[PDB]
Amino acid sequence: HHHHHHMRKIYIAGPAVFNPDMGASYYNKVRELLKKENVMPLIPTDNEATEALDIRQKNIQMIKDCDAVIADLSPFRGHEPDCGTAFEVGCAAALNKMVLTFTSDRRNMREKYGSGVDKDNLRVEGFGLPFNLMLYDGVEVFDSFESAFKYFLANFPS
């Protein structure tokens, strides 16, 4: 009786932090969705430090502490995902964490750029993926945070 109970935790990776509201609207939506399932969101801006290295270390620790990352790999400042988010996905991959990704634009990279090269003649990947192939681990690329979260619930039970 009164055994320890693990509360599931998801690291909320993505460029919402750069919204004018520092991601408040996104994180609030995430908080409400996860609350219903007794899942804790690990949010990049929580208890935010002032020094870059401290912010970075705390985020790395959240990834170490999580059961899954849900990463927003939507276009950021062009057709490419946010590099901070990409770093976090790599961290999670190395730590053998469940990584779930979504994007607002699921078109292949070559469809996005409209060619096999960009405007400067740099190669656009041709693997039938919406973004850099390093970011794809075989799990479906979802359309939304919600759809990724449904996969989490089905595949990481309490």
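Sequential numbering from 1, following the sequence displayed.
Practice problem: Could you check the entry and say whether 147 to 155 or 1 to 9 has the higher mean CA B-factor? | Solution: Comparing 147 to 155 with 1 to 9, the higher average CA B-factor belongs to 1 to 9.
Quiz item: Between 60 to 68 and 33 to 41, which has the higher average C-alpha B-factor in the PDB entry?
Solution: Comparing 60 to 68 with 33 to 41, the higher mean C-alpha B-factor belongs to 33 to 41.
Quiz item: Out of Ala49, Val89, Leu129, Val124, which one has a C-alpha B factor higher than all the others in the entry?
Solution: By C-alpha B-factor in the record, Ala49 ranks first.
Self-check item: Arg107 - which third its CA temperature factor falls in, relative to the rest of the chain
Solution: Ranked within chain, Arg107 CA B lands in the middle tercile.
Quiz item: If you rank every modelled residue in this chain by C-alpha B factor, which third holds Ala93: lowest, middle or highest?
Solution: For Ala93, the deposited C-alpha B-factor lands in the highest third.
Quiz prompt | Position of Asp21 among the chain's modelled residues by C-alpha B-factor, lowest, middle or highest third | solution = Top third by C-alpha B-factor.
Exercise. Looking at the entry's B-factor column for C-alpha atoms only, identify whether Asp120 ranks in the lowest, middle or highest third of its chain.
Key: For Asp120, the deposited C-alpha B-factor lands in the highest third.
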